[PDB]
Amino acid sequence: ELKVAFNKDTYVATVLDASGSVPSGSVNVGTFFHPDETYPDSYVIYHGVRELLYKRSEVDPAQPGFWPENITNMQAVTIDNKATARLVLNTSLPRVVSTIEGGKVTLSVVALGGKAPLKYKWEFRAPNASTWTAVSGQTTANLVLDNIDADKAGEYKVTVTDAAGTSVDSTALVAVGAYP
Amino acid sequence: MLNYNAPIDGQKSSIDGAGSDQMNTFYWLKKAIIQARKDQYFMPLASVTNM
Amino acid sequence: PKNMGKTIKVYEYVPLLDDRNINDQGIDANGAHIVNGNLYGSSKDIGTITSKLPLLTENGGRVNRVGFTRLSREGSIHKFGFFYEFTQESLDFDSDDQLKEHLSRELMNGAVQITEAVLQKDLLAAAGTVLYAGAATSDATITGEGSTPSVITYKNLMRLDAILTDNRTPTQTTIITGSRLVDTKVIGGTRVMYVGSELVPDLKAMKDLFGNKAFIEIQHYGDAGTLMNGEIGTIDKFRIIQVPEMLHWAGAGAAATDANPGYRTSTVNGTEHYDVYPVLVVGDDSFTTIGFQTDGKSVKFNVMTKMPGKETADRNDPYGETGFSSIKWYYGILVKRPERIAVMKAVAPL
Amino acid sequence: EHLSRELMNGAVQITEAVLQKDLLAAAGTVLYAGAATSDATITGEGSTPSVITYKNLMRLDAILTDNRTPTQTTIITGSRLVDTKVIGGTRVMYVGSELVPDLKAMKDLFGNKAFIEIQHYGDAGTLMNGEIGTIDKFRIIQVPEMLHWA
Amino acid sequence: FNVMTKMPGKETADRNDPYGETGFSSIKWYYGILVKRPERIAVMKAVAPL
């Protein structure tokens, strides 16, 4: 959730983080979830700010208002995002990773954004299973499966959680070729 | 034995290896089930005094 | 078509004002984000309609938003097949000389009957309106001996007609106004029922609502209207067709005791249980039988006879004295609109 | 195309819904079946449930004759066929699907059936759409979507 | 019924959206009733079975 604050005087709509600080004059215009729960990769900071201001009277942002008299000319509204960057996954686990009994496989994930402390966690689902047995001792954003055997085949998933809590995940199906 | 020409229920066929599934697993019939406009019984028995 | 899977899926476009049109997109008459987006849905309550009207002011802005949905529906194919074997001496040292033909015919007839039975089972399974005659809440509570038994009555058929009309299920026939021939009557049936051959004794004695005969036989209206084959009479709004081969659950009723007044009872694990008989009415355009490779016909059989001789020898039979003949087919239905099919489960007299 | 279709059908249905509601709310001769005198006292349990009875429809028309409500349909005097009947239906009455079963099994003043259905009078009567029959002097029309108070 | 629909493209392109990728369709109308004689409308209330 990202708290937005509007300063009619400068027509500035600073998008602070949940725990931000309404700048001098900037009246709390409301909050909204940047990664829209329903449609995450379909909306951007603007959409939220726009709607939050559509329901605020022109005469006084602080006072709510509707279509007849509200802040809708986004041309003037100056949006200044003072909120944490959206946790993204520039590099994600290699969709599929085929190897033979022995061949080392390395799953890699590069996360950018979120709160600085980007913690990592690896979970493993055996073939034909539902439980995601978390790989113990793996917080490295890089799992080297050296001398892999047939048992270590299956799906491997990461969970890049930021200090805040937002977590980006990626999975990779490791296939190990066995030999009599 | 290469078999199972249709794994709709997550039951991957023989020929398909890791990270692969049948491109088409069903047929898509064009004709869509559609409910008609509801029967009207009170608008007909009206009159218009134009304003 | 081939190389296209073993299931067929369609789309059902739910109308706007339906109680199944759930969507996040929704705005009230004041710009608020109301949860539902189907206005008032399929609600015939005055309060709901009045409260959720799409009132829009003269300086109309961004009020009154409504969304839409689409629902898929699936259906698959299942295979069948059976065969029989015959030694050469059986067809060569037999009193009859046409045994092969008299077995091929008696096998094909059986295959056709099997196809009919499986179609009947699928229709009796996929029923949107599964209605229980009498005072039964489940199949296990369909009895015939309690204070209130489970027998087909006039009120139950009236309720089935009401439910079918409400689901917007279309009529199949038209009412028959009278003739000039004396002792004839006027049937008023538009639906077509498909009772078994065991409910007819009970269905031929329902005392209306006022203790009058409520079974106008076919002879009373043959002059003034068409007669559908298999007909035995009409009841309220159901032109009745007797189906000789009518599937019936046996033992899916209640416990049977000595107070049994004479209703059919089968046996399931010792203690006898009552038998449940269906009254199936299937509406127009409710299902389709997806024929795979069956050109036009719903089911195409494949004969695979192999005469004993030089065409059946192998290491398993160096002498080659046995043959076989097999029939196999594909079958499956897609119930596009499972709201026309309706069933009354009830007991039948012994 | 389907989106626009659904939009238009929703608009038409909602418009008729408004008409239904307003006509119901603008009723001048309001009567209550059974021993009732208000909505809050309408009931279905006790000695006198609010069930439509032959007397209640008879009282309904008596008011509709004092209030000079003009008759709409004529009377079917009979046909030449065998099992047809005569009809005294003058006014047109609309019923929801819910109340139809209670009208089907409702007795006349002598303890018999008075719901002569559409199949009886078809040769003479120019049966209107949605008709299900006449009871005493009202020709009933079923309204597939008829509103109600919950 | 009055319908005004604007497809995505040049029509919806403005300065609050200089790409034109958001359409809309709206239907509006007027309605009312003049009840001249209310005594000719006779509603009756009851309870119907389940």
# chains A, B, ... in the order shown; residues from 1 in each chain; ligands from 1
$ interface_residues --of "chain B" --to "chain D" --cutoff "12 Å" --atoms "only C-alpha atoms" --output "PDB file with N, CA and C atoms, in the first residue's frame"
ATOM      1  N   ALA B  32     -21.257 -20.240 -28.805  1.00  0.00           N
ATOM      2  CA  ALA B  32     -21.237 -19.993 -27.371  1.00  0.00           C
ATOM      3  C   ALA B  32     -22.645 -20.076 -26.800  1.00  0.00           C
ATOM      4  N   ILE B  33     -22.753 -20.638 -25.599  1.00  0.00           N
ATOM      5  CA  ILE B  33     -24.035 -20.709 -24.910  1.00  0.00           C
ATOM      6  C   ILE B  33     -24.452 -19.299 -24.510  1.00  0.00           C
ATOM      7  N   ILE B  34     -25.638 -18.885 -24.950  1.00  0.00           N
ATOM      8  CA  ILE B  34     -26.109 -17.519 -24.768  1.00  0.00           C
ATOM      9  C   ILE B  34     -27.553 -17.554 -24.291  1.00  0.00           C
ATOM     10  N   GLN B  35     -27.846 -16.803 -23.232  1.00  0.00           N
ATOM     11  CA  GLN B  35     -29.212 -16.633 -22.763  1.00  0.00           C
ATOM     12  C   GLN B  35     -29.851 -15.444 -23.465  1.00  0.00           C
ATOM     13  N   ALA B  36     -31.103 -15.615 -23.872  1.00  0.00           N
ATOM     14  CA  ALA B  36     -31.796 -14.619 -24.670  1.00  0.00           C
ATOM     15  C   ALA B  36     -32.315 -13.479 -23.799  1.00  0.00           C
ATOM     16  N   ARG B  37     -32.774 -12.421 -24.464  1.00  0.00           N
ATOM     17  CA  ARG B  37     -33.408 -11.310 -23.768  1.00  0.00           C
ATOM     18  C   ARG B  37     -34.652 -11.797 -23.036  1.00  0.00           C
ATOM     19  N   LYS B  38     -34.801 -11.374 -21.783  1.00  0.00           N
ATOM     20  CA  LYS B  38     -35.907 -11.852 -20.964  1.00  0.00           C
ATOM     21  C   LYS B  38     -37.240 -11.381 -21.529  1.00  0.00           C
ATOM     22  N   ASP B  39     -38.265 -12.216 -21.363  1.00  0.00           N
ATOM     23  CA  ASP B  39     -39.589 -11.891 -21.873  1.00  0.00           C
ATOM     24  C   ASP B  39     -40.121 -10.627 -21.211  1.00  0.00           C
ATOM     25  N   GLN B  40     -40.710  -9.751 -22.020  1.00  0.00           N
ATOM     26  CA  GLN B  40     -41.240  -8.484 -21.543  1.00  0.00           C
ATOM     27  C   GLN B  40     -42.761  -8.527 -21.547  1.00  0.00           C
ATOM     28  N   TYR B  41     -43.370  -8.046 -20.459  1.00  0.00           N
ATOM     29  CA  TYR B  41     -44.814  -8.146 -20.298  1.00  0.00           C
ATOM     30  C   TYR B  41     -45.466  -6.858 -19.810  1.00  0.00           C
ATOM     31  N   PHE B  42     -44.712  -5.784 -19.627  1.00  0.00           N
ATOM     32  CA  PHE B  42     -45.343  -4.581 -19.088  1.00  0.00           C
ATOM     33  C   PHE B  42     -45.030  -3.315 -19.871  1.00  0.00           C
ATOM     34  N   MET B  43     -43.860  -3.230 -20.502  1.00  0.00           N
ATOM     35  CA  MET B  43     -43.602  -2.124 -21.421  1.00  0.00           C
ATOM     36  C   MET B  43     -44.602  -2.054 -22.568  1.00  0.00           C
ATOM     37  N   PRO B  44     -45.017  -3.169 -23.203  1.00  0.00           N
ATOM     38  CA  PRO B  44     -46.002  -3.063 -24.287  1.00  0.00           C
ATOM     39  C   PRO B  44     -47.288  -2.354 -23.887  1.00  0.00           C
ATOM     40  N   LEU B  45     -47.750  -2.567 -22.655  1.00  0.00           N
ATOM     41  CA  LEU B  45     -49.029  -2.018 -22.201  1.00  0.00           C
ATOM     42  C   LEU B  45     -48.815  -0.635 -21.580  1.00  0.00           C
ATOM     43  N   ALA B  46     -48.122   0.213 -22.332  1.00  0.00           N
ATOM     44  CA  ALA B  46     -47.820   1.561 -21.885  1.00  0.00           C
ATOM     45  C   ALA B  46     -48.337   2.549 -22.918  1.00  0.00           C
TER      46      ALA B  46
END
$ closest_atom_pairs --of "chain E" --to "chain C" --cutoff "12 Å" --atoms "only C-alpha atoms" --output "CSV"
residue,atom,partner,partner_atom,distance
E:24,CA,C:65,CA,10.3
E:25,CA,C:65,CA,10.1
E:26,CA,C:65,CA,9.1
E:27,CA,C:64,CA,10.4
E:28,CA,C:56,CA,8.6
E:29,CA,C:56,CA,9.8
E:30,CA,C:56,CA,10.2
E:31,CA,C:55,CA,10.9
E:49,CA,C:159,CA,10.7
E:50,CA,C:159,CA,10.0
$ write_last_selection --atoms "N, CA and C atoms" --output "mmCIF file, in the first residue's frame"
data_model
loop_
_atom_site.group_PDB
_atom_site.id
_atom_site.type_symbol
_atom_site.label_atom_id
_atom_site.label_comp_id
_atom_site.auth_asym_id
_atom_site.auth_seq_id
_atom_site.Cartn_x
_atom_site.Cartn_y
_atom_site.Cartn_z
ATOM 1 N N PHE E 24 -14.431 2.797 -23.796
ATOM 2 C CA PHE E 24 -15.582 2.826 -22.907
ATOM 3 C C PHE E 24 -16.845 2.846 -23.752
ATOM 4 N N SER E 25 -17.936 2.366 -23.167
ATOM 5 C CA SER E 25 -19.248 2.417 -23.793
ATOM 6 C C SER E 25 -20.288 2.668 -22.716
ATOM 7 N N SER E 26 -21.204 3.595 -22.985
ATOM 8 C CA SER E 26 -22.181 4.020 -21.994
ATOM 9 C C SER E 26 -23.556 4.104 -22.632
ATOM 10 N N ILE E 27 -24.577 3.695 -21.885
ATOM 11 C CA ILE E 27 -25.961 3.728 -22.339
ATOM 12 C C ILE E 27 -26.777 4.490 -21.303
ATOM 13 N N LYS E 28 -27.564 5.458 -21.763
ATOM 14 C CA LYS E 28 -28.377 6.303 -20.901
ATOM 15 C C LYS E 28 -29.776 6.463 -21.485
ATOM 16 N N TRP E 29 -30.722 6.822 -20.622
ATOM 17 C CA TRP E 29 -32.107 7.022 -21.041
ATOM 18 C C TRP E 29 -32.857 7.758 -19.939
ATOM 19 N N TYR E 30 -34.075 8.182 -20.270
ATOM 20 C CA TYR E 30 -34.974 8.854 -19.345
ATOM 21 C C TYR E 30 -36.198 7.982 -19.100
ATOM 22 N N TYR E 31 -36.811 8.147 -17.931
ATOM 23 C CA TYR E 31 -37.953 7.317 -17.575
ATOM 24 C C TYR E 31 -38.806 8.039 -16.542
ATOM 25 N N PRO E 49 -46.175 -21.064 -1.512
ATOM 26 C CA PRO E 49 -45.411 -22.180 -0.948
ATOM 27 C C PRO E 49 -43.976 -22.193 -1.442
ATOM 28 N N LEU E 50 -43.136 -22.920 -0.709
ATOM 29 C CA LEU E 50 -41.723 -23.064 -1.041
ATOM 30 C C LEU E 50 -41.526 -23.580 -2.462
#
$ interface_residues --of "chain B" --to "chain E" --cutoff "12 Å" --atoms "only C-alpha atoms" --output "ChimeraX atom specification"
/B:43,46-51
$ write_last_selection --atoms "N, CA, C and O atoms" --output "PDB file, in the first residue's frame"
ATOM      1  N   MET B  43     -43.860  -3.230 -20.502  1.00  0.00           N
ATOM      2  CA  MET B  43     -43.602  -2.124 -21.421  1.00  0.00           C
ATOM      3  C   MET B  43     -44.602  -2.054 -22.568  1.00  0.00           C
ATOM      4  O   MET B  43     -45.012  -0.938 -22.927  1.00  0.00           O
ATOM      5  N   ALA B  46     -48.122   0.213 -22.332  1.00  0.00           N
ATOM      6  CA  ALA B  46     -47.820   1.561 -21.885  1.00  0.00           C
ATOM      7  C   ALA B  46     -48.337   2.549 -22.918  1.00  0.00           C
ATOM      8  O   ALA B  46     -48.779   2.175 -24.008  1.00  0.00           O
ATOM      9  N   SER B  47     -48.290   3.826 -22.559  1.00  0.00           N
ATOM     10  CA  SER B  47     -48.664   4.920 -23.437  1.00  0.00           C
ATOM     11  C   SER B  47     -47.660   6.045 -23.239  1.00  0.00           C
ATOM     12  O   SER B  47     -47.029   6.161 -22.184  1.00  0.00           O
ATOM     13  N   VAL B  48     -47.498   6.881 -24.259  1.00  0.00           N
ATOM     14  CA  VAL B  48     -46.522   7.957 -24.162  1.00  0.00           C
ATOM     15  C   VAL B  48     -47.216   9.308 -24.290  1.00  0.00           C
ATOM     16  O   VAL B  48     -47.866   9.613 -25.298  1.00  0.00           O
ATOM     17  N   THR B  49     -47.168  10.086 -23.217  1.00  0.00           N
ATOM     18  CA  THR B  49     -47.524  11.499 -23.264  1.00  0.00           C
ATOM     19  C   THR B  49     -46.235  12.294 -23.386  1.00  0.00           C
ATOM     20  O   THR B  49     -45.537  12.523 -22.396  1.00  0.00           O
ATOM     21  N   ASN B  50     -45.909  12.708 -24.607  1.00  0.00           N
ATOM     22  CA  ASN B  50     -44.612  13.313 -24.873  1.00  0.00           C
ATOM     23  C   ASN B  50     -44.441  14.600 -24.080  1.00  0.00           C
ATOM     24  O   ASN B  50     -45.345  15.441 -24.034  1.00  0.00           O
ATOM     25  N   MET B  51     -43.276  14.752 -23.454  1.00  0.00           N
ATOM     26  CA  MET B  51     -42.946  15.962 -22.725  1.00  0.00           C
ATOM     27  C   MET B  51     -42.027  16.825 -23.568  1.00  0.00           C
ATOM     28  O   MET B  51     -40.889  16.412 -23.843  1.00  0.00           O
TER      29      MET B  51
END
$ select_by_dssp --residues "chain D" --states "helix (DSSP H, G or I)" --output "VMD selection string"
chain D and resid 2 to 25 54 to 66 100 to 104
$ interface_residues --of "chain E" --to "chain A" --cutoff "10 Å" --atoms "only C-alpha atoms" --output "list in words"
residues 15, 16 and 17 of chain E
$ write_last_selection --atoms "N, CA and C atoms" --output "PDB file, in the first residue's frame"
ATOM      1  N   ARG E  15      -4.475  13.951 -23.317  1.00  0.00           N
ATOM      2  CA  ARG E  15      -3.241  14.330 -22.586  1.00  0.00           C
ATOM      3  C   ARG E  15      -3.239  13.595 -21.245  1.00  0.00           C
ATOM      4  N   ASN E  16      -4.401  13.105 -20.818  1.00  0.00           N
ATOM      5  CA  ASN E  16      -4.444  12.291 -19.576  1.00  0.00           C
ATOM      6  C   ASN E  16      -4.126  10.855 -19.986  1.00  0.00           C
ATOM      7  N   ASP E  17      -3.866  10.629 -21.277  1.00  0.00           N
ATOM      8  CA  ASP E  17      -3.468   9.314 -21.760  1.00  0.00           C
ATOM      9  C   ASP E  17      -2.972   9.483 -23.191  1.00  0.00           C
TER      10      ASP E  17
END
$ residues_around --residues "segment 42-45 of chain E" --least-positions-apart "2" --cutoff "9 Å" --atoms "only C-alpha atoms" --output "PDB file with N, CA, C and O atoms, in the first residue's frame"
ATOM      1  N   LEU D  24     -46.156  -1.412  -9.014  1.00  0.00           N
ATOM      2  CA  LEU D  24     -46.485  -2.024  -7.730  1.00  0.00           C
ATOM      3  C   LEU D  24     -46.636  -0.972  -6.640  1.00  0.00           C
ATOM      4  O   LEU D  24     -47.571  -1.033  -5.832  1.00  0.00           O
ATOM      5  N   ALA D  27     -50.099   1.442  -6.395  1.00  0.00           N
ATOM      6  CA  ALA D  27     -51.349   0.699  -6.363  1.00  0.00           C
ATOM      7  C   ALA D  27     -52.348   1.390  -5.447  1.00  0.00           C
ATOM      8  O   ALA D  27     -52.053   1.646  -4.276  1.00  0.00           O
ATOM      9  N   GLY D  28     -53.532   1.680  -5.980  1.00  0.00           N
ATOM     10  CA  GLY D  28     -54.551   2.366  -5.213  1.00  0.00           C
ATOM     11  C   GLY D  28     -55.462   1.429  -4.450  1.00  0.00           C
ATOM     12  O   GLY D  28     -55.749   1.660  -3.272  1.00  0.00           O
ATOM     13  N   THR D  29     -55.922   0.369  -5.103  1.00  0.00           N
ATOM     14  CA  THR D  29     -56.769  -0.629  -4.450  1.00  0.00           C
ATOM     15  C   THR D  29     -55.905  -1.804  -3.993  1.00  0.00           C
ATOM     16  O   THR D  29     -55.714  -2.805  -4.681  1.00  0.00           O
ATOM     17  N   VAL D  30     -55.296  -1.630  -2.825  1.00  0.00           N
ATOM     18  CA  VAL D  30     -54.429  -2.669  -2.278  1.00  0.00           C
ATOM     19  C   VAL D  30     -55.253  -3.536  -1.329  1.00  0.00           C
ATOM     20  O   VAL D  30     -55.952  -3.026  -0.449  1.00  0.00           O
ATOM     21  N   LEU D  31     -55.200  -4.847  -1.528  1.00  0.00           N
ATOM     22  CA  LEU D  31     -55.881  -5.802  -0.668  1.00  0.00           C
ATOM     23  C   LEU D  31     -54.895  -6.840  -0.156  1.00  0.00           C
ATOM     24  O   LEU D  31     -53.840  -7.077  -0.746  1.00  0.00           O
ATOM     25  N   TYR D  32     -55.249  -7.460   0.966  1.00  0.00           N
ATOM     26  CA  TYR D  32     -54.386  -8.435   1.619  1.00  0.00           C
ATOM     27  C   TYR D  32     -55.168  -9.725   1.801  1.00  0.00           C
ATOM     28  O   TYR D  32     -56.235  -9.722   2.423  1.00  0.00           O
ATOM     29  N   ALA D  33     -54.639 -10.819   1.265  1.00  0.00           N
ATOM     30  CA  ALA D  33     -55.304 -12.106   1.376  1.00  0.00           C
ATOM     31  C   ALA D  33     -55.308 -12.588   2.822  1.00  0.00           C
ATOM     32  O   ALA D  33     -54.387 -12.316   3.595  1.00  0.00           O
ATOM     33  N   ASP D  39     -48.656  -5.249   5.701  1.00  0.00           N
ATOM     34  CA  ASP D  39     -47.544  -6.117   5.330  1.00  0.00           C
ATOM     35  C   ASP D  39     -46.931  -6.776   6.558  1.00  0.00           C
ATOM     36  O   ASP D  39     -46.590  -7.964   6.529  1.00  0.00           O
ATOM     37  N   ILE D  42     -48.997  -9.790   7.535  1.00  0.00           N
ATOM     38  CA  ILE D  42     -49.203 -10.876   6.584  1.00  0.00           C
ATOM     39  C   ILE D  42     -48.376 -12.058   7.072  1.00  0.00           C
ATOM     40  O   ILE D  42     -47.234 -11.892   7.518  1.00  0.00           O
ATOM     41  N   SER D  50     -52.177 -16.272   4.935  1.00  0.00           N
ATOM     42  CA  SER D  50     -52.540 -15.377   3.839  1.00  0.00           C
ATOM     43  C   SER D  50     -52.411 -16.133   2.521  1.00  0.00           C
ATOM     44  O   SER D  50     -51.436 -16.002   1.776  1.00  0.00           O
ATOM     45  N   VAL D  51     -53.426 -16.936   2.226  1.00  0.00           N
ATOM     46  CA  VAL D  51     -53.482 -17.735   1.010  1.00  0.00           C
ATOM     47  C   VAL D  51     -54.643 -17.241   0.164  1.00  0.00           C
ATOM     48  O   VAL D  51     -55.763 -17.090   0.665  1.00  0.00           O
ATOM     49  N   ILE D  52     -54.373 -16.987  -1.113  1.00  0.00           N
ATOM     50  CA  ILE D  52     -55.381 -16.513  -2.052  1.00  0.00           C
ATOM     51  C   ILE D  52     -56.523 -17.517  -2.133  1.00  0.00           C
ATOM     52  O   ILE D  52     -56.311 -18.693  -2.448  1.00  0.00           O
ATOM     53  N   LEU D  60     -61.976  -8.891  -4.806  1.00  0.00           N
ATOM     54  CA  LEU D  60     -61.123  -8.047  -5.639  1.00  0.00           C
ATOM     55  C   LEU D  60     -61.905  -7.428  -6.788  1.00  0.00           C
ATOM     56  O   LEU D  60     -61.754  -6.238  -7.090  1.00  0.00           O
ATOM     57  N   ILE D  63     -64.555  -4.630  -5.815  1.00  0.00           N
ATOM     58  CA  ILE D  63     -63.966  -3.297  -5.730  1.00  0.00           C
ATOM     59  C   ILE D  63     -63.679  -2.750  -7.120  1.00  0.00           C
ATOM     60  O   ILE D  63     -63.862  -1.557  -7.383  1.00  0.00           O
ATOM     61  N   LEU D  64     -63.231  -3.611  -8.034  1.00  0.00           N
ATOM     62  CA  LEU D  64     -62.928  -3.166  -9.389  1.00  0.00           C
ATOM     63  C   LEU D  64     -64.173  -2.841 -10.201  1.00  0.00           C
ATOM     64  O   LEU D  64     -64.049  -2.273 -11.289  1.00  0.00           O
TER      65      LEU D  64
ATOM     66  N   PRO E  38     -55.229   6.051  -9.929  1.00  0.00           N
ATOM     67  CA  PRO E  38     -54.621   4.980  -9.134  1.00  0.00           C
ATOM     68  C   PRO E  38     -55.601   3.920  -8.666  1.00  0.00           C
ATOM     69  O   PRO E  38     -55.166   2.827  -8.293  1.00  0.00           O
ATOM     70  N   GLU E  39     -56.903   4.198  -8.685  1.00  0.00           N
ATOM     71  CA  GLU E  39     -57.892   3.234  -8.227  1.00  0.00           C
ATOM     72  C   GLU E  39     -58.090   2.079  -9.196  1.00  0.00           C
ATOM     73  O   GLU E  39     -58.702   1.074  -8.821  1.00  0.00           O
ATOM     74  N   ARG E  40     -57.587   2.189 -10.422  1.00  0.00           N
ATOM     75  CA  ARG E  40     -57.693   1.116 -11.397  1.00  0.00           C
ATOM     76  C   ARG E  40     -56.531   0.137 -11.329  1.00  0.00           C
ATOM     77  O   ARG E  40     -56.481  -0.799 -12.133  1.00  0.00           O
ATOM     78  N   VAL E  47     -48.761 -15.110   0.594  1.00  0.00           N
ATOM     79  CA  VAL E  47     -47.564 -15.930   0.746  1.00  0.00           C
ATOM     80  C   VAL E  47     -47.736 -17.178  -0.109  1.00  0.00           C
ATOM     81  O   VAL E  47     -48.802 -17.805  -0.096  1.00  0.00           O
TER      82      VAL E  47
END
$ atom_distance --atom1 "atom CA of residue 328 of chain C" --atom2 "atom CA of residue 83 of chain C"
8.6 Å
$ interface_residues --of "chain A" --to "chain C" --cutoff "12 Å" --atoms "only C-alpha atoms" --output "VMD selection string"
chain A and resid 37 to 39 51 to 52 54 to 56 64 to 70 72
$ atom_distance --atom1 "atom CA of residue 69 of chain C" --atom2 "atom CA of residue 23 of chain C"
7.2 Å
$ residues_around --residues "residue 20 of chain E" --least-positions-apart "2" --cutoff "12 Å" --atoms "only C-alpha atoms" --output "list in words"
residues 6, 7, 8, 9, 10, 11, 12, 13, 14, 15, 16, 17, 18, 22, 23 and 24 of chain E
$ atom_distance --atom1 "atom CA of residue 71 of chain A" --atom2 "atom CA of residue 58 of chain A"
5.0 Å
$ interface_residues --of "chain C" --to "chain B" --cutoff "6 Å" --atoms "only C-alpha atoms" --output "PyMOL selection string"
chain C and resi 4-13
$ closest_atom_pairs --of "chain B" --to "chain A" --cutoff "10 Å" --atoms "only C-alpha atoms" --output "CSV"
residue,atom,partner,partner_atom,distance
B:11,CA,A:128,CA,10.0
B:17,CA,A:175,CA,9.4
B:18,CA,A:175,CA,6.8
B:19,CA,A:96,CA,6.1
B:20,CA,A:96,CA,9.7
$ write_last_selection --atoms "N, CA and C atoms" --output "short mmCIF file (atom, residue, chain, number, x, y, z; two decimals), in the first residue's frame"
data_model
loop_
_atom_site.label_atom_id
_atom_site.label_comp_id
_atom_site.auth_asym_id
_atom_site.auth_seq_id
_atom_site.Cartn_x
_atom_site.Cartn_y
_atom_site.Cartn_z
N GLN B 11 -1.19 -35.50 -16.66
CA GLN B 11 -0.75 -36.89 -16.73
C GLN B 11 0.16 -37.08 -17.95
N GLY B 17 8.77 -34.78 -22.99
CA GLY B 17 9.76 -34.76 -21.93
C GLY B 17 9.56 -33.62 -20.96
N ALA B 18 10.63 -33.26 -20.26
CA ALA B 18 10.55 -32.21 -19.26
C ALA B 18 10.29 -30.86 -19.92
N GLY B 19 9.42 -30.07 -19.32
CA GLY B 19 9.08 -28.76 -19.84
C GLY B 19 8.39 -28.80 -21.19
N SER B 20 7.44 -29.72 -21.35
CA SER B 20 6.71 -29.83 -22.61
C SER B 20 5.38 -30.50 -22.35
#
$ interface_residues --of "chain D" --to "chain C" --cutoff "8 Å" --atoms "only C-alpha atoms" --output "PyMOL selection string"
chain D and resi 2-3+6-7+9-10+17+21+80-84+97+101+105+112-113+118-123+144-150
$ residues_around --residues "residue 85 of chain C" --least-positions-apart "2" --cutoff "8 Å" --atoms "only C-alpha atoms" --output "list in words"
residues 83, 87, 322, 323, 324 and 325 of chain C
$ residues_around --residues "residue 339 of chain C" --least-positions-apart "2" --cutoff "10 Å" --atoms "only C-alpha atoms" --output "NGL selection string"
:C and (126-130 or 163-164 or 167-169 or 282-283 or 286 or 335-337 or 341-342)
$ write_last_selection --atoms "C-alpha atoms" --output "mmCIF file, in the first residue's frame"
data_model
loop_
_atom_site.group_PDB
_atom_site.id
_atom_site.type_symbol
_atom_site.label_atom_id
_atom_site.label_comp_id
_atom_site.auth_asym_id
_atom_site.auth_seq_id
_atom_site.Cartn_x
_atom_site.Cartn_y
_atom_site.Cartn_z
ATOM 1 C CA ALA C 126 -25.959 -35.036 -15.714
ATOM 2 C CA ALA C 127 -29.247 -33.552 -14.471
ATOM 3 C CA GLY C 128 -29.383 -29.959 -13.276
ATOM 4 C CA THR C 129 -32.846 -30.417 -11.765
ATOM 5 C CA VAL C 130 -32.607 -33.559 -9.643
ATOM 6 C CA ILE C 163 -38.925 -25.541 -12.212
ATOM 7 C CA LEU C 164 -38.518 -26.307 -15.915
ATOM 8 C CA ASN C 167 -35.105 -22.296 -15.935
ATOM 9 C CA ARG C 168 -36.413 -20.971 -19.295
ATOM 10 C CA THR C 169 -36.422 -24.533 -20.690
ATOM 11 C CA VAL C 282 -34.577 -33.792 -21.351
ATOM 12 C CA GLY C 283 -35.096 -30.401 -22.961
ATOM 13 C CA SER C 286 -29.053 -29.673 -23.691
ATOM 14 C CA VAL C 335 -23.748 -31.304 -21.754
ATOM 15 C CA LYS C 336 -23.616 -27.697 -22.936
ATOM 16 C CA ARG C 337 -26.659 -26.570 -20.921
ATOM 17 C CA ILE C 341 -32.442 -32.207 -17.941
ATOM 18 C CA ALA C 342 -34.727 -32.952 -14.992
#
$ select_by_dssp --residues "segment 50-163 of chain A" --states "strand (DSSP E)" --output "PyMOL selection string"
chain A and resi 78-82+88-91+96-100+105-108+110-112+122-125+133-134+142-145+154-158+160-161
$ residues_around --residues "residue 33 of chain A" --least-positions-apart "2" --cutoff "9 Å" --atoms "only C-alpha atoms" --output "VMD selection string"
chain A and resid 1 to 3 31 35 to 37 45 48
$ decode --residues "segment 48-62 of chain D" --atoms "C-alpha atoms" --output "CSV table (one decimal), in the first residue's frame"
chain,number,residue,atom,x,y,z
D,48,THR,CA,-55.6,-18.1,8.8
D,49,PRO,CA,-52.5,-18.0,6.6
D,50,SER,CA,-52.5,-15.4,3.8
D,51,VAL,CA,-53.5,-17.7,1.0
D,52,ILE,CA,-55.4,-16.5,-2.1
D,53,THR,CA,-58.9,-17.9,-1.9
D,54,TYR,CA,-61.9,-17.8,-4.2
D,55,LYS,CA,-63.6,-15.3,-1.9
D,56,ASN,CA,-60.6,-13.0,-2.0
D,57,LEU,CA,-60.6,-12.8,-5.8
D,58,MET,CA,-64.4,-12.3,-5.6
D,59,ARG,CA,-63.8,-9.3,-3.3
D,60,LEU,CA,-61.1,-8.0,-5.6
D,61,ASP,CA,-63.5,-7.7,-8.6
D,62,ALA,CA,-66.3,-6.2,-6.5
